[PDB]
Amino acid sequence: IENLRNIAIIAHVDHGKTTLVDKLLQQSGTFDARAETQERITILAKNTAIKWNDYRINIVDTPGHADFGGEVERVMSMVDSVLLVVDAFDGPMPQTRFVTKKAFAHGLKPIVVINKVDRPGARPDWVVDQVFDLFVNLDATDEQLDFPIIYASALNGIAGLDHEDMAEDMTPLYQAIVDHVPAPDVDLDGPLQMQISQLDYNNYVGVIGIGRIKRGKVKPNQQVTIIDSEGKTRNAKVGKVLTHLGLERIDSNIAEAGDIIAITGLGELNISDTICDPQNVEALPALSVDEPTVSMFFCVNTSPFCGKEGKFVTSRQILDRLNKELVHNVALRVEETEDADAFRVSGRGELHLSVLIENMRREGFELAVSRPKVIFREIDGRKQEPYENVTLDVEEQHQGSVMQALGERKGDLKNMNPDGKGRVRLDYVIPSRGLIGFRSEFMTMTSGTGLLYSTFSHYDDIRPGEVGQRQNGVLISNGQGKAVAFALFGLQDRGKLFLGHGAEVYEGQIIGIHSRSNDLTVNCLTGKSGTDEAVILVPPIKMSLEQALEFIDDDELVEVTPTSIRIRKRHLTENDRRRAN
């Protein structure tokens, strides 16, 4: 127990945290199940367990996805310190600030590694000053400002407290971890209490629960009572108890409090479930969950062009592909609707849904999707919507316009923190519904220089007024067939077009953006003293999947194939659109 060290690791993508975890594992003589010697997946295991002398160090990877601040909090709630790894030349970079801020907010003391100290142009002393300023900028406590520094060269396999007189090996980094990281604070003799912090899956056993055992012990085939954060309970039987050794999970006959473990055979475990000894059912506090706040309908493509471009089109081919994603994509949610050729798919931001669709197009799928929107849930008698905690890290020159746009998106400002080094951090509380479409506008407005983070917060009363109302109406084909130059030449005078001469269109397909706010049903199949000389079309607007989804309204769909992106009305005929209004 007193010999366990549970630490999380933080590093910019190119600052060699994988290289460092590898050197620490090799020099510790921990049995290595893989087969790499010296290089010259390059990402970490979610947990790496190092055996050094009579000490066990669990290194938990810090999630790098910007919309999963929930998961970052769960990592910090499970560990007792953080290892911040920083390059000897770049110094700390703004990409790791969000996760560093979470570590300090959960009251963790940091251990700083300045690695690549022998690379050309290294300036470790300057990196120390940069790290000190960051922590002060993060409102560090006096205990958080009193932190060890270990200089390191994974290349030469050496570490030290002093970069000018480095030791023969990595001994100093290990010693810094056991000296300054407290052992887990846990009750070994009380009844089993273990919270699910992370979920994983493999075809050999199914759902895998990952967590730090808060109290007691757990064995294979043990009878447990699982309790969720809604207080509902269910009895179950532990299948396998898996301990961590290097990059691998080990079938173990027991596991004790303080230890970070994988558990199986407990069916559909959810984040924050507490596995309990059946006599003493005690739920631990609810953990932040990465709630799927944006939803789209994934429908069978019913267009007159259906089946002509992709191999996979049926309702079961699509459902089979979705359930197949669901097991490997634990944040995602697939639901059946009253329509059997329509499936409500929910995920962490529209990007999560758009990536899935792009995967299915490449595979040969064909489908229609509705716009990304939130699910309005009735809780405590009223209609509430999801709200998010949002962090924006921007160059100071972008502060003005970023704030105006977030205000317009119903964003409540909560904090402004400039670093005095050309960047500012803005914390907002905004309904998820006001965040849809923003990441794209945010990149354009900040010229790709900004960083945006998201952590699900809560449901609350609906904030009044619609967000991102499209101002322009659309041009809708009233026929099926080949679009012609002479007719497109006349319509491009009334709006911008999505296609040119020779495109096959169908009735209700959207073929352009109208200059005015109203929709027009137009003819693009036949052509209507002086005249207009030359029939030349301005190049069509060819939208990405992301643009089609941010373009479409509630009465429209994006028809998707492996080779094509089409926009369409739900009601393909003008008569049908009139009978809805």
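In case it trips you up, residue 1 is the first one in the sequence shown, and so on.
Deposited sequence between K528 and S529: 4 to 9 residues lack coordinates.
Coordinates are lacking for 10 or more deposited residues between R40 and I41.
Here the stretch with the larger average CA B-factor, out of 464-472 and 172-180, is 464-472. Higher mean CA temperature factor between 286-294 and 331-339: 331-339, per the PDB entry. Set against one another, the Cα B-factors of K232, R74, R362, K496 in the record reach their highest point at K232. Remark: of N417, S432, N253, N389, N253 shows the highest value [criterion: C-alpha B-factor in the PDB entry].
Among all modelled residues in its chain, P148 ranks in the lowest third by Cα B-factor.
For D555, the recorded CA temperature factor ranks within the middle third of the chain's modelled residues. Remark: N53 belongs to the highest third of its chain, ranked by C-alpha B-factor as recorded. Ranked by C-alpha B-factor against the other modelled residues of its chain, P372 falls in the middle third. Among all modelled residues in this chain, the alpha-carbon of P110 has a temperature factor (C-alpha) in the lowest third.
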